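Below is one structure, written out as structure tokens, with a few remarks after it.
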Number of protein chains: 2
Amino acid sequence: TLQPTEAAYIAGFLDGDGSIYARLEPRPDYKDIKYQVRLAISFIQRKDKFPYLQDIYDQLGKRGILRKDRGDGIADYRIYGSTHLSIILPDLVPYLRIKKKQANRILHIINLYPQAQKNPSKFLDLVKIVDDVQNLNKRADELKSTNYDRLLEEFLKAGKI
Amino acid sequence: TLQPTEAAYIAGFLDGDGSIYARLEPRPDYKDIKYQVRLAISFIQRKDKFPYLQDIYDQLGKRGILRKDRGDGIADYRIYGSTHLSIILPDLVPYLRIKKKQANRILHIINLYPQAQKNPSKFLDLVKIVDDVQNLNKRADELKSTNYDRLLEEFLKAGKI
DNA sequence: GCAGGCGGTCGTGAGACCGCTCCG
DNA sequence: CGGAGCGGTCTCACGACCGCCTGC
Ligand SMILES: [Ca+2]
Ligand SMILES: [Ca+2]
Ligand SMILES: [Ca+2]
């Protein structure tokens with residue numbers, strides 16, 4: 001497993017060249033709610049320093065997927081899923097500074113995901129944190145995400161409340 | 001002073017949003033050798049996250065100078081001088097990965113600076129590491145720095161060897 | 001149906017510096 | 001002097017995502 005100063009480093013580095021986000025991805029094939037909430041952390045870097053993502057990956061139990069080239073010389077390492085994340089984040093949260101919040105919102109989403117799954121009213125609360133999160137990843141002067149307001153609208157238009 | 005996982009974090013973060021460089025700055029006012037070698041580490045970031053540089057600064061004994069805005073909304077924190085650096089780097093070196101080398105070259109320059117000061121032959125060795133350093137901070141496909149070769153040339157042209 | 005493996009991509013936010021002004 | 005405070009700037013290297021193909 002992970003040592004304090006390796007967790008601290010990864011956290012330090014994540015605050016630098018990394019990213020903690022949530023997404024609301026449309027689903028045509030889904031049931032009632034045609035949207036899967038997607039969660040991840042990532043590390044971006046110039047492919048020549050790839051062995052350094054490499055390193056990190058291996059330090060994080062080989063969860064997530066490395067990508068020696070995103071097609072533009074820039075390499076990366078993306079960790080999807082509440083599974084990987086609920087193991088990883090707690091180790092990193094105590095050392096995160098800039099993206100610490102984001103990491104807790106994600107954990108928070110993770111607590112409420114099972115009850116919100118088949119429950120349109122609760123899936124909306126969940127989608128709000130998804131908004132708040134992507135907001136955290138913004139300039140205070142950029143357009144503030146609005147998945148909560150466009151999903152509700154649609155849930156009413158479809159008589160799900 | 002500095003704790004392991006705070007040093008680890010700073011190192012992690014430096015490897016991300018920071019920079020370790022050496023420069024050869026021209027001096028019209030100098031004596032024989034009209035060039036001062038300049039050494040530093042820095043942390044760059046969007047000014048809204050400034051309190052986070054802040055943090056780091058204070059964790060690094062308030063050495064170096066913060067800059068809430070470089071004129072382009074981007075804030076920073078620059079630490080010049082062998083003085084600050086010979087105290088700081090050793091705490092960070094054990095946790096540095098990507099810029100670890102650079103940190104040791106700097107330390108290395110720091111060992112040889114006093115003898116190379118008034119000694120054109122030795123000042124050249126020193127200026128080579130200065131080259132190697134800025135090379136480390138490059139794409140393997142970029143033009144490889146050449147302070148060693150343009151300073152020598154000039155030292156001969158001026159009969160200093 | 002349930003999601004994660006992937007491929008992609010605009011828009012900045014960093015990096016790695018150069019030159020001056022200043023100060024014991 | 002001998003260097004460090006400070007302003008300033010090109011060129012990318014990131015970030016924070018979208019949309020689709022893949023697995024069972
Ligand atoms: Ca950053
Ligand atoms: Ca960065
Ligand atoms: Ca970086």
Side-chain angles (χ1 to χ4, degrees), chain A residues 14-49 63-67 69-76 78-84 99 102 113 117-118 133-139 142 145, chain B residues 14-31 33-49 63-76 78-84 99 102 113 117-118 133-139 142 145:
Chain A
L14 172 59
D15 275 354
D17 279 330
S19 177
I20 308 203
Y21 49 112
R23 310 165 36 179
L24 192 52
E25 171 167 21
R27 296 285 169 171
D29 51 312
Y30 266 33
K31 59 289 186 55
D32 306 358
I33 329 209
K34 297 190 146 205
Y35 297 97
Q36 184 230 342
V37 157
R38 208 146 170 189
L39 311 161
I41 65 191
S42 61
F43 302 81
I44 321 95
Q45 197 75 182
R46 213 185 48 218
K47 63 177 284 62
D48 58 299
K49 327 172 205 172
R63 320 166 155 287
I65 61 216
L66 299 153
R67 185 150 77 121
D69 205 306
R70 314 179 322 182
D72 56 3
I74 284 324
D76 82 359
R78 309 179 279 178
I79 312 180
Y80 291 112
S82 71
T83 318
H84 300 308
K99 297 169 186 322
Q102 287 88 335
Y113 193 69
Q117 194 75 309
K118 294 82 147 57
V133 162
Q134 323 180 310
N135 290 348
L136 291 169
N137 292 323
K138 292 177 177 304
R139 260 168 266 143
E142 234 158 335
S145 263
Chain B
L14 172 59
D15 276 353
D17 278 329
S19 177
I20 308 202
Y21 48 113
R23 310 165 37 180
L24 192 53
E25 172 167 22
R27 296 284 170 170
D29 51 312
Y30 266 32
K31 59 290 186 54
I33 329 209
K34 296 190 146 205
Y35 296 98
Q36 184 229 343
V37 157
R38 209 147 170 187
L39 311 162
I41 64 188
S42 61
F43 302 81
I44 321 95
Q45 198 74 182
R46 213 185 48 218
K47 63 177 284 62
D48 58 300
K49 327 173 205 172
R63 319 167 155 287
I65 61 215
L66 299 153
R67 186 149 77 121
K68 266 150 62 183
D69 205 305
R70 315 178 322 182
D72 55 3
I74 285 323
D76 82 358
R78 309 179 278 180
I79 312 179
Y80 292 111
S82 70
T83 318
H84 299 308
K99 299 168 187 321
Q102 287 88 335
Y113 193 68
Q117 195 75 309
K118 294 83 147 56
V133 161
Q134 323 180 310
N135 291 347
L136 291 170
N137 292 324
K138 292 178 176 303
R139 261 167 266 143
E142 234 158 336
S145 263

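Note that these values count all heavy atoms, side chains included, but never hydrogens, waters or copies made by symmetry. A note on names: the letters A, B, ... follow the listed sequences, proteins ahead of strands, and every chain is numbered from 1.
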Pairing residues for A:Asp72 by the side-chain contact (heavy atoms from CB on, under 4.5 Å) criterion, not counting sequence neighbours: A:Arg70, A:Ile74
Which residues share a side-chain contact (heavy atoms from CB on, under 4.5 Å) with B:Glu25, sequence neighbours left out: B:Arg23, B:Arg27, B:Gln36, B:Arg38
Which residues share a side-chain contact (heavy atoms from CB on, under 4.5 Å) with B:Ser19, sequence neighbours left out: B:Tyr21, B:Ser42
Pucker family that the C1'-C2'-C3'-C4' torsion assigns to C:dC20: south
Sugar-phosphate, base or nothing in reach of A:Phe43, heavy atoms under 4.0 Å: nothing
Interatomic distance where NE2 belongs to B:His84 and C1' belongs to D:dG5 [whole Å]: 11 Å
Sugar half of pseudorotation for C:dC17 [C1'-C2'-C3'-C4' sign: + north, - south]: north
Sugar-phosphate, base or nothing in reach of B:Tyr35, heavy atoms under 4.0 Å: nothing
Partner residues of A:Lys138 under the side-chain hydrogen bond (donor to acceptor under 3.5 Å, both in side chains) criterion, sequence neighbours left out: none
Nucleic acid footprint by protein, nucleotides 14-24 of chain D - heavy-atom cut-off 4.0 Å, B for base, S for sugar-phosphate alone: BBBBBBB----
Touch class at under 4.0 angstrom, heavy-atom based, for B:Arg139 against every strand present: sugar-phosphate
Residues that A:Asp32 engages under salt bridge (charged side-chain N to carboxylate O under 4.0 Å, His left out), provided they are two or more places apart: none
By side-chain contact (heavy atoms from CB on, under 4.5 Å) - contacts of B:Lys118 (at least two apart): B:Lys31
Donor-acceptor under 3.5 Å (A:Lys47 side chain, A:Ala75 main chain): no
Any residue meeting salt bridge (charged side-chain N to carboxylate O under 4.0 Å, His left out) with A:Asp76, in chain and number order, not counting sequence neighbours: A:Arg67, A:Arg78
Gap between atoms CD and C1', on B:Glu142 and D:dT11 respectively (whole Å): 9 Å
Touch class at under 4.0 angstrom, heavy-atom based, for B:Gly81 against every strand present: sugar-phosphate
Boundaries of the chain B footprint along DNA chain C (any atom under 4.0 Å from a heavy atom): C:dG13 to C:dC20
Spacing of B:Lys68 atom NZ relative to D:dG8 atom P, expressed in whole Å: 16 Å
Expected output: side-chain B:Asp17 to main-chain B:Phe43 donor-acceptor under 3.5 Å: no
